[PDB]
Structure formats: structure tokens, C-alpha cells
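# Topology and contacts: notes
One letter stands for each residue in the lines below.
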2 protein chains.
Amino acid sequence: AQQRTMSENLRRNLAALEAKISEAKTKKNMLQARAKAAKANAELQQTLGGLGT
Amino acid sequence: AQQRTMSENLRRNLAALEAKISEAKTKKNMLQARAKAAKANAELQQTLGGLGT
């Protein structure tokens, strides 16, 4: 019975791990694009502002 | 939806950048001619004035 219990616990932990995996999969595709959009906005602001030369 | 939003933002920033590009294009052609007209006026004044020799 306790063997079955440990098996159930490990199954649930596996499910949680896979859920976090899916989270990271969903975050990766768009965070990089947003990072690049931020750099483009920074370039635009640098070209617009008169800060420095 | 947020992906679309970022796309719209980047499009508008592109438009702004191109507008500033057109501004510089319009300024360049005539600022140099005015710079040379100023030098010619300076030469005329130097030949006219009795400052120095």
C-alpha cells in the first residue's frame, strides 16, 4: 500500500514538472521578441532624443 | 492579443523613424548651401572691412 502511495506522489510531481515545462515553452517564444522590440524602441528614442550628441 | 499589440507599437515606431529620416533628407540639401553662402558673405565682409590689413 505504501509502495502505491509513493508511486502516486511521484506521478503527481511528474505532472507538476511537465506543467512548468509547458509554462517555459510558452514564455520563451514571445519574451525574446519583446526583448528585441525593446531594443528597437531604445534605438528610436536615442535617435529622437537630443541627449548627448 | 498582446503579440498584436507589440506589433502595432513597433509599426508606429517605424513610422516615426521614417518621418525623422525624411526630415533629415529635407534639411541636408539646403543647410550645406546656406553654409557656403555664409562663407561667401564672410569673404565679402572681410574684403569690405578695414579690420586688420
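Structure determination for this entry is recorded as cryo-EM, at 3.8 Å resolution.

## Focus: the overall build of chain A
Helix and strand counts for chain A come out as one helix and zero strands. For chain A, whose C-alpha radius of gyration is 23 Å, the value lies well above the compact-globule estimate of 10 Å for 53 residues. Looking at chain A as a whole, 4% of its 53 residues are labelled buried. Total accessible area computed for chain A in this model is approximately 4,900 Å², and 58% of it derives from carbon and sulfur atoms. Positive and negative side-chain charges in chain A, numbering 10 and 4 respectively, have mean positions lying 2 Å apart.

## Observations regarding the interface of chain B and chain A
Contact residues are listed per partner, giving eight residues for chain B and eight residues for chain A. Surface buried jointly by chain B and chain A totals about 640 Å² across both partners, of which 71% is contributed by carbon and sulfur atoms. Its largest share of buried area at the contact with chain A, chain B owes to B:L10, B:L17 and B:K20, together 48% of the area lost on that side. Viewed at the interface, chain A and chain B are joined by zero salt bridges. In terms of residue class, the side of chain B that touches chain A is made up of four nonpolar, three polar and one charged.

## Digging into the pattern of salt bridges
The tally for this structure, following the rule as stated, stands at four salt bridges over all chains. A:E43 serves as the salt-bridge partner of A:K39, at 3.5 Å between the closest nitrogen and oxygen. Taken together, the residues A:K39 and A:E43, both in helix α1 (residues 2-48) and four residues apart, mark about one turn of the helix. A relative accessible area of 43% places A:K39 in the partly exposed class. The partner of B:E23 in a salt bridge is B:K20, and the shortest N-O contact between them spans 3.8 Å. Of this pair, B:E23 and B:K20 both sit in helix α1 (residues 2-48), three residues apart, which is roughly one turn of that helix.

## Here's the deal with α1(A)
Taking 1.5 Å of rise per residue, 47 residues should cover 69 Å, and α1(A) covers 68 Å from first to last C-alpha, within 8% of that figure. If you look at α1(A), its biggest bend is around 30°, right at A:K28.

Cut-off values and rules
Within every chain, residues carry numbers counted from 1 in written sequence order, not necessarily those of the entry, while residues missing coordinates are excluded from display. Lettering for chains starts from A, numbering for ligands starts from 1, and both go in the order in which the items are written. Remark: the chains included constitute part of a larger assembly, and values are reported for the included chains only. The side-chain quantities take in all heavy atoms of the structure and omit both hydrogens and water. Helical segments are the DSSP runs of H or I of at least four residues, strand segments are the runs of E of at least two, and each set is numbered from the N terminus. For the radius of gyration, the atoms used are the C-alpha atoms, and the globule rule reads 2.2 Å times the number of residues raised to 0.38. Relative accessible area decides the class of each residue, using a 1.4 Å probe on protein chains only: under 20% of the type maximum gives buried, over 50% gives exposed, and in between gives partly exposed. Method for areas: the Shrake-Rupley scheme with a 1.4 Å probe, in which residue coverage is limited to the protein chains shown. The charge count treats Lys and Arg as positive and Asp and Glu as negative. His and the chain ends do not count. For this purpose, a charge sits on NZ of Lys, CZ of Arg, CG of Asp or CD of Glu. It only takes one pair of heavy atoms within 4.5 Å for two residues to be counted as in contact. Two parts placed together each lose some accessible area; with a 1.4 Å probe, that loss summed over both constitutes the buried area. Salt-bridge detection follows one rule: a side-chain nitrogen of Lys or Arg within 4 Å of a carboxyl oxygen of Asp or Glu. Each residue gets one of three labels, nonpolar for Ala, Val, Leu, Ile, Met, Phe, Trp, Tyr, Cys and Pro, charged for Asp, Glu, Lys and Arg, and polar for the others, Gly among them. In this scheme, a helix's expected span is set at 1.5 Å multiplied by one less than its residue total. Note on bend: at a given residue it equals the angle between the axes fitted to the 7 residues ending there and to the 7 starting there.

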